[PDB]
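Take a look at the structure below.
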Amino acid sequence: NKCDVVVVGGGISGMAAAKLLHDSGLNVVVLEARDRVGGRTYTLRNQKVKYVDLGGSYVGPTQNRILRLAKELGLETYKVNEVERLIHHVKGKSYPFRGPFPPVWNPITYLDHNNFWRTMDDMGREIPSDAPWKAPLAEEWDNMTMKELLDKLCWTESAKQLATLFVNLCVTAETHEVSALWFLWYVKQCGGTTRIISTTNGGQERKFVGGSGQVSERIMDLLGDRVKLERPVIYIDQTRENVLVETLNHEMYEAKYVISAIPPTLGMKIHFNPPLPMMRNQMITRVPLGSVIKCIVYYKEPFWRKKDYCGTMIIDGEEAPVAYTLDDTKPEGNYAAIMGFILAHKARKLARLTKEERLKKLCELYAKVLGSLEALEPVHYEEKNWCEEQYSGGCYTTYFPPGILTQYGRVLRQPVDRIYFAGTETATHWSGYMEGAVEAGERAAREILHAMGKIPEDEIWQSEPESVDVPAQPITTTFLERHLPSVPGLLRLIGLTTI
Amino acid sequence: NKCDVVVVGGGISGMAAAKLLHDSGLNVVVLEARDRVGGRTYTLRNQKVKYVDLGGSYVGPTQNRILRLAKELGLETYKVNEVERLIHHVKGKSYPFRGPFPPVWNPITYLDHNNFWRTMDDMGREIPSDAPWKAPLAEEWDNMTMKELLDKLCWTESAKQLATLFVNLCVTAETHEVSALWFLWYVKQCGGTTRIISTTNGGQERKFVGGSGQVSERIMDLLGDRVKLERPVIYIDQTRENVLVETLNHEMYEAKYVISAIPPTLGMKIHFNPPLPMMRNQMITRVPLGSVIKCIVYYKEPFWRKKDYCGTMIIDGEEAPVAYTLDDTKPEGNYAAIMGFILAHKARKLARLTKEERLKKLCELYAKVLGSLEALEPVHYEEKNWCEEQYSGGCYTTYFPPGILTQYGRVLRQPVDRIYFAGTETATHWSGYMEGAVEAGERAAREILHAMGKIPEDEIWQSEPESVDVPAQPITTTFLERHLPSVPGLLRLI
Ligand SMILES: *[C]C1=C([C])[C]=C2C(=[C]1)N([C][C]([O])[C]([O])[C]([O])[C]OP([O])(=O)OP([O])(=O)O[C][C]1O[C](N3[C]=NC4=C3N=[C]N=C4[N])[C]([O])[C]1[O])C1=NC(=O)[N]C(=O)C1=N2[C]([O])[C][N]C(=O)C1=[C][C]=C(Cl)[C]=[C]1
Ligand SMILES: *[C]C1=C([C])[C]=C2C(=[C]1)N([C][C]([O])[C]([O])[C]([O])[C]OP([O])(=O)OP([O])(=O)O[C][C]1O[C](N3[C]=NC4=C3N=[C]N=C4[N])[C]([O])[C]1[O])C1=NC(=O)[N]C(=O)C1=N2[C]([O])[C][N]C(=O)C1=[C][C]=C(Cl)[C]=[C]1
């Protein structure tokens, strides 16, 4: 029944919020819909895989909050394999390369590719992390899909193809589904294009030893019986002195404050009294999550390494079920595995098939891309379709269709009386990641601490010391990369000498 | 507890479904979240207005199902006033006109305006009413916003302005918010541009005497205690022999079948066991409703008539709070009133103001457009912001953002085990209107009748005889309108 704060949702954001409040002396209860904690992170354990992340998995430099929390919980990280060559598969042929970016040899194509990535970052510099709708051209950029932006910027099909894959991979949505403003904000708040796509020195550098699901499981261990599993919240009442929170199985909880630590659209599953303010009421119907199937194919050995391939494949084309892979072998060199994402509309299309049918398609693709018959001999297969999850709605995160961020964005983390909002979608740095979940959870908790007169307003948004274990190298640009003209810029330079 | 069918939602769709099933001999229960029936229709009664529709209101020719249902319930219609001239207000000036369409005098602009409306209808002819995702260019048109389509088609700012207002008014959403495929489907399934925008011979021809809320109230009268008010459904369980439906106030209902007669996205308010199939699970997060405030300003007399204005105003520009008005005077000539819509992003912007502040803005606008100081002296004001409604989500209807209709559209009225789907959003003719609500409700009811072996498959989709009271004139095009070139067509000819 009675406590200081009810946290709705037991993912990383909710658990982190509850941990901070618990550590401050407050009585907290976490209400979780599922029979487990972790939400969009899920570690499966069986004898064939030992452990495997079927949801959120990768951490990297600049993600200092998730690194600190996990370290405090006694977790270790290890480096994702990027010793050997990456592969870019384009028009049925594989091109091995090193470094973060696939190489381009055609000089026109090179100018186009260089200008695209640069423009994304240039446009991002105009967007405040904490308030994207305050960008000078906010409305113009928000009334545009990423597809429209790509059509205007990319003068070659090759750049357009790669930019499209980039959008699909970062936000599990089609370029035509998402707002240009939102996507440009999304990349900037992760530290830019290079940081977001990189393994070494980027978002995919590392995983947790034993899986990322341990983050939530271990906070549950600290909180004990304060975490209530299989308690989906159906009803929040704010008309009286104390807030009343009801669950599906008819339990009632009373608190001074509530943290909502669920994806914004899943707020729709709760009936509110009094009704939500108009803007939030409509916002939560306008913010879907992306579509993805995460698939892991297991092999006897990491045979791609013998061919000097790290296991990273960037795969172009409509025919390919998977557009991106990474080596998912354990740090000890055993349980050899390839992790692949089936993205956006392909997740929808290929969900109709059986498990066995999807395994076949993947093996045949990997055999092609890696040039190895060994890819046709899997020892085990695991997969998870996040689109089917009632209490997630999809993965990785919430995307904003055109027109929404400028109209409703302000409302995302605006408190509704005594309900405060966490969840990775409300973060300002690495929103959509486990990092952002920690940021939002701890910020929401501190908003409540301020409301109770326990901390000054100054202390609601706290910065994070850099990790000593996972330090960040700065992102550099060459002189050529900064000053080489665009395609239309080169063409303008031709029309001027001819006068 | 026990019955044959639980209907979730007591709007027109739910009530119509329940009526049909009840008339067939089945035991039905309607579970309604609000303390009233009618949903997106709501008639307010007080001494100052007598009655006024604050939600769905207009009916017209080709809407034969809502007309028949209402007639059976003992309702009458009357004609919306369109005797005098319409007004097009453009760049701070009023242009009186007659007929459905605002006149254009510049020849280049004329060609551009003609080509736009014609193209909309040409494109619509390629889209099947019952399956828009089966259009030959479905994916291409679905991956585009209406804003993109307008940018490509309209060579003049004048056509683009009017096309934009048209989109805002039909679907209470911005051109950049909506899929081109979905919007072109939407217009076609209402019978085309002319049918959808017309008062005389169109969707806005008539209202019900006493209000449209009587449709739902009177079906509730017929059903008696079978309608349960303030019973929001929170939980549907399909794992056992009979379907279990739970409400917020802890009541349990058992049935063989369920009709979901709520806006698709409001399905999110229900927890399902087992979980929904993947496609429906994601669909219901991708389908928002538009934004609108309906406002009615009352006057001593319908003074605009003395100036030979019917009361219809089509008002261009960002500054104008209201883009469209109609005469809302009672058929007897009293309770003089102007109905206006505050659309899309303007609903959001102007919701921050007080009631009195909105009234002032409207009166000053109407004074400008109608050219009368009499507009500055309102006797009464009524309004409703549909954006704030927990159990509606907005108004008039569900719109589809780019990419959604081709990916998830198939799933809209696909049965989930023993749950069947009604609601105006699942209709194939006048979806988004009271007409479509009737179509969908009765179709969903018949799907269940077929599932029980009571009717043949042949009988699930029934056609409707034309109303003798409100007959439809056909939509005609002149030779010139059909064959006059576009702007780029004229330039190609040069
Ligand atoms: C799914 C996914 C996947 C597959 C993958 C991934 C991901 C995902 N990610 C993301 C993450 O995971 C997230 O963000 C997190 O987790 C979040 O958290 P939060 O905020 O907390 O949320 P959640 O989890 O969801 O939780 C919630 C909770 O609550 C609950 N509920 C609901 N409802 C309700 C409830 N309760 C009561 N009542 C009611 N009503 C639920 O149940 C839950 O529990 C990510 N992340 C990171 O960090 N990393 C990673 O890795 C990840 N992932 C991916 O990988 C990503 N990727 C990307 O992006 C990329 C790649 C590559 C390149 Cl080159 C670039 C980019
Ligand atoms: C709002 C609105 C307005 C303002 C206006 C209008 C409208 C609207 N409309 C539409 C109609 O109204 C609709 O469609 C109908 O109503 C629908 O129905 P349904 O389908 O049945 O649905 P609803 O109503 O919503 O119902 C539902 C129910 O359910 C319930 N719930 C929820 N949730 C729940 C429940 N329960 C239990 N549980 C749970 N969970 C609720 O509560 C409800 O009750 C329209 N219509 C027609 O027909 N007409 C008209 O008039 C209308 N309106 C407008 O006016 C339109 N306009 C247009 O569009 C235009 C104008 C001008 C031109 Cl030129 C063109 C166009």
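Using Swiss-Prot numbers, chain B covers 3-496, in order.
The backbone N, Cα and C atoms fix where each Cβ goes, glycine too.
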Where Swiss-Prot places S-8alpha-FAD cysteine when the choices are B:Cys156, B:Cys312, B:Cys397 | B:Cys397
Near ligand 2 by the Cβ criterion (under 6 Å), the recorded positions from B:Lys52, B:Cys156, B:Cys365, B:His382, B:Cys397 are B:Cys397
Looking only at Cβ atoms, how many others are within 10 Å of the one on B:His382 (site 'Important for catalytic activity')?
-> 16
Densest Cβ neighbourhood among B:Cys156, B:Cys365, B:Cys397 (recorded positions), 10 Å radius | B:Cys397
In whole Å, how far is B:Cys156 (site 'Important for catalytic activity') from B:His382 (site 'Important for catalytic activity') when you measure between their Cα atoms?
-> 41
Sort out the sequence-distant neighbours of B:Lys52 (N6-acetyllysine) for me: same chain, 6+ apart, CB within less than 8 Å of its CB, listed by position.
-> B:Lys332, B:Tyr337
Distance, B:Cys397 (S-8alpha-FAD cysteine) to B:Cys156 (site 'Important for catalytic activity') (CA atoms, angstrom) | 28
Inter-residue Cα distance where the pair is B:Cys397 (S-8alpha-FAD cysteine) and B:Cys365 (site 'Important for catalytic activity'), in Å | 24
